[PDB]
Ligand SMILES: CCCCCCCC/C=C/CCCCCCCC(=O)OC[C@H](COP(=O)(O)OCC[N+](C)(C)C)OC(=O)CCCCCCC/C=C/CCCCCCCC
Ligand SMILES: CCCCCCCC/C=C\CCCCCCCC(=O)O[C@H](COC(=O)CCCCCCC/C=C/CCCCCCCC)COP(=O)(O)OCC[N+](C)(C)C
Ligand SMILES: CC(C)CCC[C@@H](C)[C@H]1CC[C@H]2[C@@H]3CC=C4C[C@@H](O)CC[C@]4(C)[C@H]3CC[C@]12C
Ligand SMILES: CC(C)CCC[C@@H](C)[C@H]1CC[C@H]2[C@@H]3CC=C4C[C@@H](O)CC[C@]4(C)[C@H]3CC[C@]12C
Ligand SMILES: *[C@@H]1O[C@H](CO)[C@@H](O)[C@H](O)[C@H]1NC(C)=O
Ligand code: ALF
Ligand SMILES: [K+]
Ligand SMILES: [K+]
Ligand SMILES: [K+]
Ligand SMILES: [Mg+2]
């Protein structure tokens, strides 16, 4: 960690520090010693835990601890049974079933457990294999790994930098820092200390960056992980192991359920122990409690529903790498998004053009076919000709049918933008360019900042010479003697100069690259047609031009970005733009896209409007803030928190990846779920750190995709709002499913408590409740996930992570006490009906379990005096258990019907709106019929055939459940916030 | 707060009171259908089971005649059962009637209605259980190799056993078949090996027949016919191998009577006896 950057040092200082020479360089022996000391020039991959370890760790998450305890208790009970000879068995079956359930839940959780993998492979395209290094005063190609700090390296054009080097001898070297800043604009390189910040020093080449053109010589100052790219990779890979909000909510729900189960088990175990109960019965009852209290199929159902939502979203061209990412989006409070490539097409295009003393607006859509901006007016033909002729960019071959915007052009970015504009508006420039016999003299230089090209018109009448000029507007103007307005070349005046200056000021303030265009006519008297020309600028004039027009390029935002941003903001999500671009362009794009409202103004804007010093203006009035990289650098965490809290709309510019990660962390410190959208390597740390990271598909780099939880294959920003809606809907449906499962949990639990307390014959067996959990409750639980939104999802604000939980106290109270007890009562009614009709009245069943289960007794007397054998008693017990199970299923049908909506009535939501509900009801009925008749026809698993009437005994109780829930929801709707909404609403 | 707690507690009290009221109302509505005289269904207890008096733990009867404590449990249980069969308990003629001493056809004593008050019961005297009545015999039969078990048929309300038809020969010529008014009962070694050591079996029943007389049935449910005395059939072996465990199965033969593999006590016995010398 060498953070003491050294770029201000001169050549002699560098030589003294690293003990090397520019001409000589590091010696081979010295190079080997340095390799041994420091190490190879490579990025060390992160340590990855074996997938087997993760799979086994998945065997203890959730309720698996309780299931393992239950299996151990079942084995103990079976051992006790074997000791005291008893061929009952039925415990090994329970143990095997519990073990299989644990295994299945572990597998489902593993398939739901993120993706892991590594991100170092993403840098394969970068990280050049070999480099040219001078050793012993000689140049020899050496592998990049063997490269060590101190040796002299030379980089030509079109090759990756071998390592972080400090340029010493550069001749017009240009490099691309898209990896660091995320901007593809070439950056000039030199050998002087330009900027204090090393990232902008302008005299330091960076590892894995590409040298666009020119040649330079540099001294290695960093290697491997010590390089900037190495540190970014370390941040991206190392960090990123955290629990998503959905996982935290699931853990909280598991904690609640496990605590309830453990507390009930302890209390009732102590009670049974203090009631003169054999340890065997105590352990059996403990196993029953554990089975009843643990919803086995809930977690697998959650995984299945998440997978279904992921499949639908992928069908919507929104790939989801991590399964929990579907829910993570939505319930998000802050969105930190990159400017270039994410909110912008990343393609330089002409937006505004000023001529005739008035401003025009040009279409900036990527799929646009053509646009019109008062083209009928004069002075437009001259501008079109000047743009078409005065250009060097060319289309790549084989792009006839390819869209012109999507075509590839071999030239400068601005040149490509003008070429695209001319193709869109004018037509095919190839024929136009061919018509005019352009003169090879096309001198353009950085110092000149103008380029002119002599042309001869193809008009038969005129057939005269045409000179075209463009460049920096100021020098173009000062080479302009007259200005042509609507055809006439009005001489340049003070008024015209002032208007031009004002237009240039406004265009520059809109953060656009303004370029001036001017041409002159050459009468045949001075320069005849055969007159020969020289590019040395001596054969032709270079002044007294006629200014024609002015236009700028902005790199406009994506077509759908503004609408998506507006919808996200209206949905209560705060949008923050973090970019590595210049503050002016960032502010302009933020205003255009809608991150900053039109009426809202920054403190600098307020000061400018009031014509006062910035310190004088109070910060309260300003509702928007633009913070550069340096200000964030010299900002304590408290100041950052205050800034985030106080300002609704914030724009960050010139931020390094570390600063992006700092911003993400600061946002997360406000108890807010943050989602980061990016498409660049510099976004990798932020994408990893953020709760959900969305990476742009087509424009995104491999690193962004690998470090992103979600990928937008089609690069449409409306997928963000779609995902927000899907996440909120998933949250609601998960609440409904959890309540549905808990209701049946309590319904199963109550009978065992009654059996222990009142000593009734076992109303229901453990295997029956296992069948309830893993059978009839699967399809209904999945169907509840298909429910439509009851109200407008977007209108609601994002849910607070702390205050709002997936499973709250009201939900548990309603599911456990309110609806669970109703189902228990219905089941007990059916049980008593079953027993009474066979000769056992309800009062005779009190404290009858001890004699009931005694295998020795074969003449037990019922209420009518009849005597029952042991087997007949247990067959009646199985019939009662089956009746209880059927009653539970029947009441669970009404439970599902009521649970399909939380506030609306069934009449409003529509009974048949969701067909998966009816599929689930049919599944419940079919499973019950199979278990009762197919199984049970031969008595197995405590199942027996049931009489017809025993199916319909519990219907009135289901009707009562539905009526009660409907009345509750009706009174909630009638009186909002009237002590009924506060308590009853869940 | 206190007020909110009071409101919530009141709501829950009312809600649970209403739930309990609904539950008890549904239970009472269901109970209205059932009748206190006869059960609605007799699916489970339709074919009556066969059970023994000594009420042994695991179908095992092991004892040593020398030590009284070995057979004290069995003797005490048998005495406890037979207590109500003494002639003193049947001295009252208001409810006990001296029915025929010879087996007769089942006598319908009315219908299952609250009218006609109660029903009289044909009394059963212990004298018919010769060698096992306990009147003259002491400790019943549990002297040296004389185990005695009393076989009884599980009471089923409104059930009239049908003795096997003479169409097919039940077993070895019974001579005293008398199928019109006797339900045959036979005891034999469970497996081929046991038959060798089981020795001979002595049956003591009413009138000398080896079965339950039909005059006692049908039973009327302990409400219309309280103090009902079911017929008994005492079985005594009097000769069996010593220090060897014998599996003995007792079976009741009748067209109405049924059998099942799942239920071993449905019209059949599985009893193991071992007299430790
Ligand atoms: C005899 C055998 C009976 C068997 C029947 C089944 C019994 C099973 C019962 C289970 C109940 C489980 C309760 C789960 C609690 C979760 C804890 C938790 O993490 O909750 C989170 C909440 C968050 O709330 P918030 O900030 O969103 O609220 C905002 C309020 N606003 C709107 C005013 C601003 O924290 C809170 O509210 C505080 C929650 C405190 C919960 C106290 C529970 C007290 C005791 C319950 C035992 C019930 C016995 C029933 C006996 C029945 C016999 C017939
Ligand atoms: C945690 C537990 C808290 C509660 C504990 C309660 C303990 C009660 C124990 C003993 C009290 C006995 C006092 C009455 C006996 C004499 C009167 C009599 O016996 O009348 C009985 C009838 O009763 C009634 O009509 C009222 C209903 C009484 C139902 C009692 C059910 C007992 C079962 C309780 C378990 C409930 C479990 C619920 C759990 C829910 C969890 C959320 C006898 O009718 P029968 O059979 O002769 O009718 C024959 C037919 N017919 C009437 C047409 C002639
Ligand atoms: C009379 C008896 C049967 C009532 C038993 C009620 C018991 C089971 C209830 C009452 C209070 C409940 C606890 C309330 C708060 C918490 C903290 C939470 O982080 C885990 C669940 C846990 C620990 C609950 C478990 C269940 C609980 C202990
Ligand atoms: C009858 C006795 C013995 C057992 C049942 C007691 C009932 C009334 C108790 C047990 C648990 C209690 C609830 C526990 C938690 C809450 C959440 C709180 O924000 C409002 C009160 C409320 C909703 C309580 C209401 C009363 C309650 C339901
Ligand atoms: C058994 O009874 C018979 C008469 O039925 C009697 O002769 C015999 O002596 C009795 N048994 C014993 C051991 O006395
Ligand atoms: F396009 Al960027 F940081 F501005 F990735
Ligand atoms: K359960
Ligand atoms: K992430
Ligand atoms: K459940
Ligand atoms: Mg980008």
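Here, residue 1 is simply the first one shown, and the rest follow in order.
A Cβ is built for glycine as well, from the same backbone N, Cα and C atoms used for every other residue.
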Both residue A:88 and residue A:944 on the same side of the membrane in Swiss-Prot, yes or no? yes
Which listed span Swiss-Prot calls transmembrane segment, if the choices are A:229-246, A:283-300, A:301-318, A:319-336: A:283-300
Swiss-Prot lists transmembrane segment for one of the ranges A:10-30, A:73-93, A:94-114; which is that range? A:94-114
Which residue range, A:702-722, A:765-785, is the one Swiss-Prot calls transmembrane segment? A:765-785
Cα-to-Cα gap, residue A:683 (Mg(2+) binding site) vs residue A:905 (phosphoserine), nearest whole Å: 47
Please give the sequence-distant neighbours of the transmembrane segment (A:94-114): residues at least 6 beyond its ends with Cβ less than 8 Å from one of its Cβ atoms. 54-55, 58-59, 61-64, 67-68, 70-71, 74-75, 78, 287, 291, 296, 299-300, 303-304, 306, 322-324, 766-767, 770, 774
Any chance you could find the range in A:765-785, A:806-828, A:915-933, A:949-969 with the most Cβ pairs under 8 Å to the transmembrane segment (A:881-900)? A:949-969
Roughly how many Å lie between the Cα atoms of residue A:338 (active site, 4-aspartylphosphate intermediate) and residue A:679 (Mg(2+) binding site), rounded to a whole value? 8
The transmembrane segment (A:949-969) vs the transmembrane segment (A:806-828): 3 or more CB pairs under 8 Å: yes
Listed in sequence order, residues with CB under 8 A of residue A:679 (Mg(2+) binding site) and six or more positions away: A:338, A:341, A:342, A:695, A:696, A:699, A:700, A:701, A:704
Ranking the recorded positions A:338, A:683 by other Cβ atoms within 10 Å, which is at the bottom? A:338
How many other Cβ atoms sit within 10 Å of the Cβ of residue A:905 (phosphoserine)? 12
Going by DSSP, give the three-state secondary structure for residue A:683 (Mg(2+) binding site). helix
